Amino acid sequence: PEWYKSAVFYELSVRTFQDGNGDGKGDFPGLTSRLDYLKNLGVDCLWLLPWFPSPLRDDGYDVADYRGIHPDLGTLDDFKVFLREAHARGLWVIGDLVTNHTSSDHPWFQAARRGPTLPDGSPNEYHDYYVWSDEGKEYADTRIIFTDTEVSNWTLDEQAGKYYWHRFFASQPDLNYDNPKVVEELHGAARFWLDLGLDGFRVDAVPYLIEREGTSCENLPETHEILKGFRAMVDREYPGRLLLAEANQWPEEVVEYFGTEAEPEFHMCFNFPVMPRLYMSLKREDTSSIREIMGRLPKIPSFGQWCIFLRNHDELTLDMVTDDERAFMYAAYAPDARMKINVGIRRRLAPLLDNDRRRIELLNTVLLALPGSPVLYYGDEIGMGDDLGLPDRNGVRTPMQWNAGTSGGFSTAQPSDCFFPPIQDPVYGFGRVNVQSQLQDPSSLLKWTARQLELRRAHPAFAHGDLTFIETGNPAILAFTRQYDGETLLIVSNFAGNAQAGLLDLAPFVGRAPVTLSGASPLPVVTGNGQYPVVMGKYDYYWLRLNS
């Protein structure tokens, strides 16, 4: 099969991971020094947030040059050396392709706002790069994404005298993708990095490329064709690279981003519909939500794989849940209004689970045992908390915490001088939550996370198995099998805080023994009617095999 199908992914931000020269910013040499770490954890492919020159208004998703390295993070040599030293270790690396928009400080915009007519009278070929309107009345009936900041998806440019369009911050003018010169500048931006050896892109904000009037301007088939043309160029020019979509849309609409067998689009997408069901089901001791939204997912192509995640650099998004669902989410996971942002909760994973490692472990095992390829957000694998005194979503992006030295060992500059303050609260601060500690601690979240990844590696059904939900008698208990190449897994997991009892329907499996995936320990043989009786301690996970 495909390398992205069997790979464990790991999301990190170069500016925040490790600083080698001591200027308080994470740099590519620093990150290179830490690849030994990531490889021993069980990681297969690093995914790097945008590393491109940028004013960092949206932390570098406001790209100001797709073809250089941001000075903060070192040089192109620094980048080149990093990607080598990662490939010599068997890590794949992918980047972030900011395709929907560019910064207002891009040299494209800085020209487009001059007017459709240059001084001499010629047409300014760059004004057509971004979308403009004279009154700003167009594409209404359209949803605003960063409502806490932005009143209007249009903004007036004091020098272009028109309104430009932006699905996110005012400083990120949307790119006119009706202009086939823009599909080529983008095809070029991707080519430049694939030419350097890069193993793929996560493509950011794909639903929002094209905007048609009388529609929502999300998931337009005009948009999907542009993507198709991208996978076209990647499939022809650079075989085997990985295109990963971030599509947070309803079950049906998201699978459209895989394209079809005939007409490929993305290799994997983020399973954004399950992640909130994971959380909201944990507080309800009801696994029904998980099972519903999973049924609603249409089969994806052969080449496609899902990408399971718990958290990321962004808020816990809550805009593809029902109105009762999102209100529940706020009441169980956002007690402080400071924790709300743009329809979502902006908290790290451990703080979301009240630092309960029984819970942190349980969600992480679901994340491994669901069909897809898991992605761990950096720091979560050692239990990092957040800092909601920081603006926007930066609260979950504080510096990695390697030890209890100066600035958690992320930099030799004082914590006041690191790009984001290294957490030092008495519960999640780096005096308590740091990699050094957890490699000496025989039973740390870090040793646990790595050992679990080792277990999953030992069972390809986790990567390539099918998914069959097994009835239990108990909504707090979520059971499913995974079959692939003869081996059948049975993943039973308690989503409740105290002992739960359950009656599993292993009727298909009468005669077979469940044995633990670790310890090689057999339970009783499935017998008679196959109603398998089971008790579960709080927040437990049973990883089992069914032999023959």
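Each residue number is its position in the shown sequence, starting from 1.
Mean CA B-factor, 416 to 424 versus 279 to 287: the higher value falls on 279 to 287. Mean CA temperature factor is higher for 107 to 115 when stretches 107 to 115 and 304 to 312 are set side by side in the entry.
For the set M329, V131, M384, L353, the PDB entry assigns the largest Cα B-factor to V131. Looking at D96, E184, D195, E361, the one whose CA carries the top B-factor in the deposited record is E184. The PDB entry assigns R67 a C-alpha temperature factor belonging to the highest third of its chain's modelled residues.
Among the modelled residues of its chain, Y61 has a C-alpha B-factor that falls in the highest third, as given in the PDB entry.
Split the chain's modelled residues into thirds by C-alpha temperature factor. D120 is in the highest one. Among the modelled residues of its chain, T481 has a C-alpha B-factor that falls in the middle third, as given in the PDB entry. When the CA B factors of the chain's modelled residues are split into thirds, the value for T317 lands in the highest one.
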